[PDB]
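Single chain ahead, written as structure tokens, the form deposited in one PDB entry.
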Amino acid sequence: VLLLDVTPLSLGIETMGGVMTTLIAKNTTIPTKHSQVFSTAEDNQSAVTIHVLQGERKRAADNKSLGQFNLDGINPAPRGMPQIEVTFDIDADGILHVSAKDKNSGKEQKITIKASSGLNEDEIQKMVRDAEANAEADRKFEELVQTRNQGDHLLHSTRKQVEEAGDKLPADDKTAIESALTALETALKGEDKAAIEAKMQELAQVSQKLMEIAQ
């Protein structure tokens, strides 16, 4: 061949923390189909927003929006348990089909994105230029979102374990753990990676008895 149809930019969705998760990498030959299984951010979440993104930036907000759509009808469950399979399918004609299927409730929602949607030849080079220009800033943002999701996981898992524990946990441990969770919740609102890790460290220093009980 003298020619290849390829994707000039990454295609993916927004995940928790406002990060782009890539489903189809830059410079992929079409046609192509990739899928990844995602889950819910919160307990008893009834729906997901699929925000489709084109670009090379880690921040969802810094990429081109191709559209969004909801999948409703998710049955009550702990966060992280529902299986929401997302499929990006680019046909020979260069049309992007995005689907989200609930593997429990079997429900499906799709968006179809014409071959002409997204960033023009110029904007593509400006986007590729920015990726490499703001690469350090995108790393820093990425490990703040990682830190934030670890702290949020520790917050939620610890509250769960305080409850399962009931009377098994000394009053002294519970006061100390309760104060640390409040302090961690507050810091998770902020932007300060160091302050999140400090509250995560406080909770881990005071939680040793609770961790034994969770056994």
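Shifts are known only where both forms have a C-alpha. Residues carry their position along the shown sequence, with the first being 1. For the two forms, the rigid core is made up of the largest set of C-alpha atoms that agree within 1.5 Å on superposition.
For the C-alpha atoms alone, is the average B factor greater in 183-191 or in 148-156, going by the entry? Between 183-191 and 148-156, it is 183-191 that shows the higher mean C-alpha B-factor.
Greater mean Cα temperature factor according to the PDB record, 28-36 or 164-172: Comparing averages over the C-alpha atoms only gives 164-172.
Highest-ranked of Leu96, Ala92, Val86, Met81 once sorted by CA temperature factor in the record: Max CA B-factor in the entry, restricted to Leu96, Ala92, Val86, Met81: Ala92.
Please place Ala137 in the lowest, middle or highest third of its chain according to the CA B-factor in the PDB entry. Tercile = highest for this residue's CA B-factor.
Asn44 - Cα temperature factor, lowest/middle/highest third of chain: It falls in the top third of the chain.
Considering every modelled residue of the chain and its Cα B-factor in the PDB entry, is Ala100 in the lowest, middle or highest third? According to the entry, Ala100 has a C-alpha B-factor in the chain's lowest third.
Could you tell me which third, lowest, middle or highest, the C-alpha B-factor of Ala131 occupies within its chain? Highest third.
Comparing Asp62 with the other modelled residues of its chain, is its CA B-factor in the lowest, middle or highest third? Middle third.
A second form of this protein, the form deposited in another entry, is not displayed here; the remarks below concern that form.
Per-residue C-alpha change between the shown form and the other one, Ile24, threshold 2 Å, rigid core fit: False for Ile24: its C-alpha shift is below 2 Å.
So that I can tell if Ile50 moves, could you say whether its C-alpha shifts by at least 2 Å between the shown form and the other one after the core superposition? No, the C-alpha moves less than 2 Å.
Taking the rigid core as reference, which runs of at least three consecutive residues show Cα movement of 2 Å or more between the shown form and the other one? Residues 1-3, 146-191, 194-215 form the runs that move by 2 Å or more between the shown form and the other one.
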